[PDB]
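Peer 1: Here it is, the structure, as structure tokens.
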Amino acid sequence: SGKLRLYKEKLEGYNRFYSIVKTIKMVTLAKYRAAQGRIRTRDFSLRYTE
Amino acid sequence: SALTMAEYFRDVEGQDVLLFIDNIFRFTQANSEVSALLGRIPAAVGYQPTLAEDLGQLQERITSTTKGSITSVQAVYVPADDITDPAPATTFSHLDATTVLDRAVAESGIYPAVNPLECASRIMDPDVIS
């Protein structure tokens, strides 16, 4: 039946959306994991700039 | 009636004939309308229980034999764009080339509104075509 499959298609789209968004999280986490280093090495360059 | 005329041209005249039918679904729809008054319990969706057999007898007559050839082009109506419906589905196994049209394609300005991902052909084999 089309009405039932309308929901199935709608839920099919949400599934791919979750996968793509989860892929986005993987990318950002890698960038954040490598950008976390600055937290260690900051707060000392700008001393006489103050 | 028309199929009988084509059969005569195929057999007696030994000619290659074209047979256009529009719409073959109405043949099924009409039999469903009378099915209720013939004392037959409706099947799923609400078609007659003899949907598959009645269509098969007609379809098998529409074929090319050793005497002649019939190139048949039949238009099938998919009610409410539901290709899971018993009538459209029952007609898929009785064809050599299916052209599935989609409303979304037409709404985008593409004509003919063919969905190539859903169409199929029997001669799509290297042995037959180049």
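Chains: A, B, ... in order of the structure tokens. Residues: from 1 per chain. Ligands: from 1, in order shown.
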Which residues in chain A does DSSP call helix (DSSP H, G or I)? List them as an MDAnalysis selection string.

Peer 2: chainID A and resid 2:35 38:41

Peer 1: Keeping only N, CA and C atoms, write the selected residues as an mmCIF file, in the first residue's frame.

Peer 2:
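New file out.cif:
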```
data_model
loop_
_atom_site.group_PDB
_atom_site.id
_atom_site.type_symbol
_atom_site.label_atom_id
_atom_site.label_comp_id
_atom_site.auth_asym_id
_atom_site.auth_seq_id
_atom_site.Cartn_x
_atom_site.Cartn_y
_atom_site.Cartn_z
ATOM 1 N N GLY A 2 0.441 2.263 -0.762
ATOM 2 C CA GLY A 2 1.237 3.473 -0.882
ATOM 3 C C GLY A 2 1.326 4.250 0.416
ATOM 4 N N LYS A 3 0.208 4.368 1.134
ATOM 5 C CA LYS A 3 0.204 5.135 2.375
ATOM 6 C C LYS A 3 1.207 4.563 3.367
ATOM 7 N N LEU A 4 1.224 3.238 3.516
ATOM 8 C CA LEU A 4 2.194 2.617 4.408
ATOM 9 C C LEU A 4 3.614 2.875 3.930
ATOM 10 N N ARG A 5 3.849 2.748 2.625
ATOM 11 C CA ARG A 5 5.185 2.966 2.090
ATOM 12 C C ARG A 5 5.570 4.439 2.104
ATOM 13 N N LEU A 6 4.591 5.345 2.116
ATOM 14 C CA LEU A 6 4.899 6.758 2.294
ATOM 15 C C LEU A 6 5.652 6.979 3.596
ATOM 16 N N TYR A 7 5.162 6.385 4.685
ATOM 17 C CA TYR A 7 5.895 6.432 5.943
ATOM 18 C C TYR A 7 7.239 5.731 5.813
ATOM 19 N N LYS A 8 7.266 4.590 5.123
ATOM 20 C CA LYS A 8 8.515 3.851 4.974
ATOM 21 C C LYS A 8 9.544 4.664 4.202
ATOM 22 N N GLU A 9 9.111 5.350 3.144
ATOM 23 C CA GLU A 9 10.018 6.245 2.435
ATOM 24 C C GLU A 9 10.459 7.392 3.333
ATOM 25 N N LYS A 10 9.526 7.953 4.101
ATOM 26 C CA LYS A 10 9.869 9.038 5.013
ATOM 27 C C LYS A 10 10.883 8.580 6.050
ATOM 28 N N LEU A 11 10.686 7.387 6.609
ATOM 29 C CA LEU A 11 11.650 6.855 7.564
ATOM 30 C C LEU A 11 12.936 6.429 6.874
ATOM 31 N N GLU A 12 12.858 6.061 5.595
ATOM 32 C CA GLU A 12 14.071 5.735 4.855
ATOM 33 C C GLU A 12 14.968 6.957 4.723
ATOM 34 N N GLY A 13 14.374 8.123 4.461
ATOM 35 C CA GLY A 13 15.166 9.336 4.357
ATOM 36 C C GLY A 13 15.835 9.707 5.665
ATOM 37 N N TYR A 14 15.104 9.591 6.776
ATOM 38 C CA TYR A 14 15.675 9.935 8.071
ATOM 39 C C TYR A 14 16.862 9.048 8.414
ATOM 40 N N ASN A 15 16.871 7.811 7.922
ATOM 41 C CA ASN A 15 17.974 6.905 8.223
ATOM 42 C C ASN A 15 19.266 7.379 7.569
ATOM 43 N N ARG A 16 19.207 7.714 6.281
ATOM 44 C CA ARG A 16 20.385 8.234 5.596
ATOM 45 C C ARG A 16 20.837 9.547 6.220
ATOM 46 N N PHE A 17 19.885 10.379 6.644
ATOM 47 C CA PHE A 17 20.234 11.640 7.284
ATOM 48 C C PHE A 17 21.064 11.399 8.538
ATOM 49 N N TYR A 18 20.675 10.410 9.345
ATOM 50 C CA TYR A 18 21.435 10.088 10.547
ATOM 51 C C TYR A 18 22.854 9.659 10.196
ATOM 52 N N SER A 19 23.002 8.849 9.147
ATOM 53 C CA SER A 19 24.327 8.375 8.760
ATOM 54 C C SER A 19 25.218 9.530 8.328
ATOM 55 N N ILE A 20 24.691 10.422 7.488
ATOM 56 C CA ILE A 20 25.489 11.540 6.999
ATOM 57 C C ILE A 20 25.877 12.458 8.148
ATOM 58 N N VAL A 21 24.920 12.773 9.021
ATOM 59 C CA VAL A 21 25.213 13.638 10.158
ATOM 60 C C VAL A 21 26.241 12.982 11.068
ATOM 61 N N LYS A 22 26.116 11.673 11.289
ATOM 62 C CA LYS A 22 27.117 10.975 12.086
ATOM 63 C C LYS A 22 28.488 11.073 11.434
ATOM 64 N N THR A 23 28.533 11.010 10.102
ATOM 65 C CA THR A 23 29.795 11.203 9.398
ATOM 66 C C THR A 23 30.357 12.592 9.661
ATOM 67 N N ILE A 24 29.482 13.596 9.748
ATOM 68 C CA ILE A 24 29.932 14.944 10.079
ATOM 69 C C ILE A 24 30.581 14.962 11.454
ATOM 70 N N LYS A 25 29.976 14.270 12.421
ATOM 71 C CA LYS A 25 30.556 14.221 13.759
ATOM 72 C C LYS A 25 31.957 13.627 13.726
ATOM 73 N N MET A 26 32.163 12.593 12.910
ATOM 74 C CA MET A 26 33.486 11.989 12.815
ATOM 75 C C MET A 26 34.511 12.997 12.312
ATOM 76 N N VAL A 27 34.142 13.790 11.305
ATOM 77 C CA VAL A 27 35.071 14.771 10.752
ATOM 78 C C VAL A 27 35.414 15.825 11.796
ATOM 79 N N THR A 28 34.392 16.394 12.437
ATOM 80 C CA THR A 28 34.632 17.457 13.407
ATOM 81 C C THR A 28 35.447 16.949 14.584
ATOM 82 N N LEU A 29 35.165 15.728 15.038
ATOM 83 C CA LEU A 29 35.891 15.186 16.178
ATOM 84 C C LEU A 29 37.378 15.080 15.873
ATOM 85 N N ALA A 30 37.723 14.671 14.651
ATOM 86 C CA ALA A 30 39.128 14.615 14.260
ATOM 87 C C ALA A 30 39.750 16.004 14.276
ATOM 88 N N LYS A 31 39.047 16.988 13.716
ATOM 89 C CA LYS A 31 39.561 18.353 13.714
ATOM 90 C C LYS A 31 39.653 18.907 15.130
ATOM 91 N N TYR A 32 38.671 18.591 15.976
ATOM 92 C CA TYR A 32 38.719 19.039 17.362
ATOM 93 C C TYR A 32 39.812 18.318 18.140
ATOM 94 N N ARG A 33 40.035 17.037 17.841
ATOM 95 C CA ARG A 33 41.074 16.291 18.542
ATOM 96 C C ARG A 33 42.460 16.836 18.229
ATOM 97 N N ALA A 34 42.679 17.306 17.002
ATOM 98 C CA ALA A 34 43.949 17.914 16.633
ATOM 99 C C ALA A 34 44.012 19.398 16.963
ATOM 100 N N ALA A 35 42.867 20.073 17.044
ATOM 101 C CA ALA A 35 42.823 21.468 17.454
ATOM 102 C C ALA A 35 42.795 21.632 18.965
ATOM 103 N N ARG A 38 46.107 23.465 20.871
ATOM 104 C CA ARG A 38 46.313 24.882 21.152
ATOM 105 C C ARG A 38 45.977 25.217 22.596
ATOM 106 N N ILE A 39 45.063 24.464 23.208
ATOM 107 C CA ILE A 39 44.678 24.743 24.587
ATOM 108 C C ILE A 39 45.898 24.666 25.491
ATOM 109 N N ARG A 40 46.810 23.741 25.190
ATOM 110 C CA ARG A 40 48.045 23.628 25.954
ATOM 111 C C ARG A 40 48.969 24.813 25.703
ATOM 112 N N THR A 41 49.085 25.243 24.446
ATOM 113 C CA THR A 41 50.142 26.151 24.021
ATOM 114 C C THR A 41 49.679 27.598 23.889
#
```

Peer 1: Tell me, counting only C-alpha atoms, for each residue of chain B within 10 Å of chain A, which pair of atoms is nearest and how far apart they are in Å to one decimal, in rows ordered by chain and increasing number, as CSV.

Peer 2:
```
residue,atom,partner,partner_atom,distance
B:45,CA,A:1,CA,9.1
B:80,CA,A:2,CA,8.1
B:81,CA,A:2,CA,8.0
B:82,CA,A:2,CA,5.6
B:83,CA,A:2,CA,8.4
B:84,CA,A:1,CA,6.5
B:85,CA,A:1,CA,7.3
```

Peer 1: Using the selection just defined, write its residues with C-alpha atoms as an mmCIF file, in the first residue's frame.

Peer 2:
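Produced file result-v2.cif, reproduced below:
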```cif
data_model
loop_
_atom_site.group_PDB
_atom_site.id
_atom_site.type_symbol
_atom_site.label_atom_id
_atom_site.label_comp_id
_atom_site.auth_asym_id
_atom_site.auth_seq_id
_atom_site.Cartn_x
_atom_site.Cartn_y
_atom_site.Cartn_z
ATOM 1 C CA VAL B 45 -7.538 -4.567 -2.302
ATOM 2 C CA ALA B 80 -2.853 6.305 -7.318
ATOM 3 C CA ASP B 81 0.754 5.859 -8.468
ATOM 4 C CA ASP B 82 0.894 2.643 -6.414
ATOM 5 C CA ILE B 83 2.943 0.112 -8.386
ATOM 6 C CA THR B 84 2.426 -2.390 -5.557
ATOM 7 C CA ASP B 85 -1.209 -2.696 -6.635
#
```

Peer 1: When distances are computed from only C-alpha atoms, which of B:48, B:90, B:72, B:121 shows the smallest separation from residue 22 (chain B)?

Peer 2: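 The shortest atom-to-atom distance to residue 22 (chain B) comes from B:72.
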
Peer 1: Extract, using only C-alpha atoms, all DNA, RNA and protein residues at most 8 Å from residue 98 (chain B), discarding same-chain residues fewer than 5 positions from it, and format them as a list in words.

Peer 2: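 That gives residues 92, 119, 120 and 121 of chain B.
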
Peer 1: Go ahead and save the picked residues with N, CA, C and O atoms, as a tab-separated table (two decimals), in the first residue's frame.

Peer 2:
```tsv
chain	number	residue	atom	x	y	z
B	92	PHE	N	3.47	-7.28	-14.91
B	92	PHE	CA	4.90	-7.11	-15.14
B	92	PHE	C	5.54	-8.38	-15.68
B	92	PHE	O	6.49	-8.30	-16.46
B	119	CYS	N	12.88	0.87	-15.21
B	119	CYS	CA	12.58	0.20	-16.46
B	119	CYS	C	13.49	-1.01	-16.65
B	119	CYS	O	14.53	-1.15	-16.01
B	120	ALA	N	13.08	-1.90	-17.56
B	120	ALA	CA	13.85	-3.09	-17.86
B	120	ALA	C	13.51	-3.56	-19.26
B	120	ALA	O	12.44	-3.24	-19.80
B	121	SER	N	14.42	-4.32	-19.85
B	121	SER	CA	14.24	-4.88	-21.18
B	121	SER	C	14.90	-6.25	-21.24
B	121	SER	O	15.94	-6.48	-20.61
```

Peer 1: List the neighbours of residue 76 (chain B) out to 12 Å using only C-alpha atoms; skip same-chain residues closer than 4 positions along the sequence, and give me the result as a list in words.

Peer 2: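 So the residues in contact are residues 20, 21, 22, 23, 24, 25, 26, 27, 28, 29, 81, 82, 83, 85, 86, 87, 88, 89, 90, 91, 92, 94, 95, 98, 99, 100 and 101 of chain B.
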
Peer 1: Between CA of residue 125 (chain B) and CA of residue 16 (chain B), what is the spacing in Å?

Peer 2: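 Interatomic distance here is 24.0 Å.
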
Peer 1: Residues within 10 Å of residue 56 (chain B), please, as an MDAnalysis selection string. Count only C-alpha atoms; anything in the same chain fewer than 3 positions from it doesn't count.

Peer 2: chainID B and resid 50:53 59:62 90:91 93:94

Peer 1: The selected residues should be written to file as a JSON list (two decimals), in the first residue's frame (atoms: N, CA, C and O atoms).

Peer 2:
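The resulting file, selection-v7.json, is shown below:
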```
[["chain", "number", "residue", "atom", "x", "y", "z"],
["B", 50, "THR", "N", -10.02, -14.13, -9.53],
["B", 50, "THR", "CA", -9.52, -14.64, -10.80],
["B", 50, "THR", "C", -8.69, -13.62, -11.56],
["B", 50, "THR", "O", -8.57, -13.71, -12.79],
["B", 51, "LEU", "N", -8.12, -12.64, -10.86],
["B", 51, "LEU", "CA", -7.40, -11.57, -11.53],
["B", 51, "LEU", "C", -6.21, -12.10, -12.32],
["B", 51, "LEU", "O", -5.97, -11.69, -13.46],
["B", 52, "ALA", "N", -5.45, -13.02, -11.72],
["B", 52, "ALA", "CA", -4.22, -13.48, -12.36],
["B", 52, "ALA", "C", -4.51, -14.41, -13.52],
["B", 52, "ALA", "O", -3.83, -14.36, -14.55],
["B", 53, "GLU", "N", -5.51, -15.28, -13.38],
["B", 53, "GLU", "CA", -5.80, -16.25, -14.42],
["B", 53, "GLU", "C", -6.44, -15.59, -15.63],
["B", 53, "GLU", "O", -6.08, -15.89, -16.78],
["B", 59, "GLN", "N", -3.20, -12.44, -22.07],
["B", 59, "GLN", "CA", -1.83, -12.06, -22.40],
["B", 59, "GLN", "C", -1.14, -13.12, -23.23],
["B", 59, "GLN", "O", -0.42, -12.80, -24.18],
["B", 60, "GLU", "N", -1.34, -14.40, -22.89],
["B", 60, "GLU", "CA", -0.67, -15.46, -23.63],
["B", 60, "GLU", "C", -1.11, -15.49, -25.08],
["B", 60, "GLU", "O", -0.34, -15.90, -25.96],
["B", 61, "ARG", "N", -2.35, -15.07, -25.37],
["B", 61, "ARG", "CA", -2.79, -14.98, -26.75],
["B", 61, "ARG", "C", -2.03, -13.90, -27.51],
["B", 61, "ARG", "O", -1.87, -13.99, -28.73],
["B", 62, "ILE", "N", -1.54, -12.88, -26.80],
["B", 62, "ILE", "CA", -0.81, -11.78, -27.42],
["B", 62, "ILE", "C", 0.65, -12.20, -27.46],
["B", 62, "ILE", "O", 1.44, -11.89, -26.57],
["B", 90, "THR", "N", 0.69, -7.69, -11.50],
["B", 90, "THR", "CA", 0.39, -8.92, -12.23],
["B", 90, "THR", "C", 0.77, -8.82, -13.70],
["B", 90, "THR", "O", 1.02, -9.85, -14.33],
["B", 91, "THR", "N", 0.83, -7.61, -14.25],
["B", 91, "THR", "CA", 1.13, -7.41, -15.65],
["B", 91, "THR", "C", 2.62, -7.31, -15.94],
["B", 91, "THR", "O", 3.01, -7.28, -17.11],
["B", 93, "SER", "N", 5.05, -9.54, -15.27],
["B", 93, "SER", "CA", 5.64, -10.80, -15.69],
["B", 93, "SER", "C", 5.20, -11.22, -17.09],
["B", 93, "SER", "O", 5.72, -12.20, -17.61],
["B", 94, "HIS", "N", 4.27, -10.49, -17.70],
["B", 94, "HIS", "CA", 3.74, -10.83, -19.02],
["B", 94, "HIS", "C", 4.25, -9.87, -20.09],
["B", 94, "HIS", "O", 3.59, -9.67, -21.11]]
```

Peer 1: Please provide as a list in words all residues within 9 Å of residue 10 (chain B), with the sequence filter that same-chain residues fewer than 5 positions apart are discarded (counting only C-alpha atoms).

Peer 2: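 The residues satisfying every condition are residues 5, 15, 16, 17, 64, 65, 67, 68, 69 and 70 of chain B.
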
Peer 1: For the selection just defined, write its residues with N, CA, C and O atoms to a file, as a PDB file, in the first residue's frame.

Peer 2:
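again.pdb was written with the following content:
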```pdb
ATOM      1  N   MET B   5      -8.777 -10.120 -34.147  1.00  0.00           N
ATOM      2  CA  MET B   5      -8.432  -9.584 -35.458  1.00  0.00           C
ATOM      3  C   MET B   5      -6.935  -9.684 -35.709  1.00  0.00           C
ATOM      4  O   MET B   5      -6.503 -10.066 -36.803  1.00  0.00           O
ATOM      5  N   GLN B  15       1.340 -12.018 -41.613  1.00  0.00           N
ATOM      6  CA  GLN B  15       1.935 -10.692 -41.612  1.00  0.00           C
ATOM      7  C   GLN B  15       2.429 -10.314 -40.220  1.00  0.00           C
ATOM      8  O   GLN B  15       1.991 -10.859 -39.205  1.00  0.00           O
ATOM      9  N   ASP B  16       3.355  -9.360 -40.194  1.00  0.00           N
ATOM     10  CA  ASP B  16       3.853  -8.786 -38.951  1.00  0.00           C
ATOM     11  C   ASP B  16       2.957  -7.617 -38.572  1.00  0.00           C
ATOM     12  O   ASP B  16       2.912  -6.608 -39.284  1.00  0.00           O
ATOM     13  N   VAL B  17       2.254  -7.745 -37.452  1.00  0.00           N
ATOM     14  CA  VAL B  17       1.213  -6.795 -37.087  1.00  0.00           C
ATOM     15  C   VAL B  17       1.592  -6.080 -35.800  1.00  0.00           C
ATOM     16  O   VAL B  17       2.286  -6.626 -34.938  1.00  0.00           O
ATOM     17  N   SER B  64       3.963 -13.786 -30.411  1.00  0.00           N
ATOM     18  CA  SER B  64       4.437 -14.051 -31.761  1.00  0.00           C
ATOM     19  C   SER B  64       4.736 -15.537 -31.893  1.00  0.00           C
ATOM     20  O   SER B  64       5.510 -16.091 -31.106  1.00  0.00           O
ATOM     21  N   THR B  65       4.124 -16.176 -32.881  1.00  0.00           N
ATOM     22  CA  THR B  65       4.274 -17.601 -33.124  1.00  0.00           C
ATOM     23  C   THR B  65       5.136 -17.827 -34.360  1.00  0.00           C
ATOM     24  O   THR B  65       5.664 -16.891 -34.965  1.00  0.00           O
ATOM     25  N   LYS B  67       4.161 -18.675 -37.195  1.00  0.00           N
ATOM     26  CA  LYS B  67       3.498 -18.244 -38.419  1.00  0.00           C
ATOM     27  C   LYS B  67       3.701 -16.754 -38.660  1.00  0.00           C
ATOM     28  O   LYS B  67       4.019 -16.335 -39.777  1.00  0.00           O
ATOM     29  N   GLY B  68       3.519 -15.943 -37.623  1.00  0.00           N
ATOM     30  CA  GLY B  68       3.671 -14.509 -37.748  1.00  0.00           C
ATOM     31  C   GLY B  68       4.147 -13.865 -36.465  1.00  0.00           C
ATOM     32  O   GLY B  68       4.473 -14.561 -35.499  1.00  0.00           O
ATOM     33  N   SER B  69       4.190 -12.537 -36.440  1.00  0.00           N
ATOM     34  CA  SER B  69       4.680 -11.796 -35.289  1.00  0.00           C
ATOM     35  C   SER B  69       3.719 -10.671 -34.943  1.00  0.00           C
ATOM     36  O   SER B  69       3.158 -10.018 -35.830  1.00  0.00           O
ATOM     37  N   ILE B  70       3.533 -10.457 -33.644  1.00  0.00           N
ATOM     38  CA  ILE B  70       2.715  -9.373 -33.118  1.00  0.00           C
ATOM     39  C   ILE B  70       3.588  -8.550 -32.188  1.00  0.00           C
ATOM     40  O   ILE B  70       4.058  -9.055 -31.161  1.00  0.00           O
TER      41      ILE B  70
END
```

Peer 1: What is the distance, in Å and to one decimal place, between CA of residue 14 (chain B) and CA of residue 63 (chain B)?

Peer 2: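 Atom-to-atom, CA of residue 14 (chain B) to CA of residue 63 (chain B), that is 13.5 Å.
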
Peer 1: Just to confirm, what's the straight-line distance from CA of residue 30 (chain B) to CA of residue 97 (chain B) in Å (one decimal)?

Peer 2: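 It comes out at 25.3 Å.
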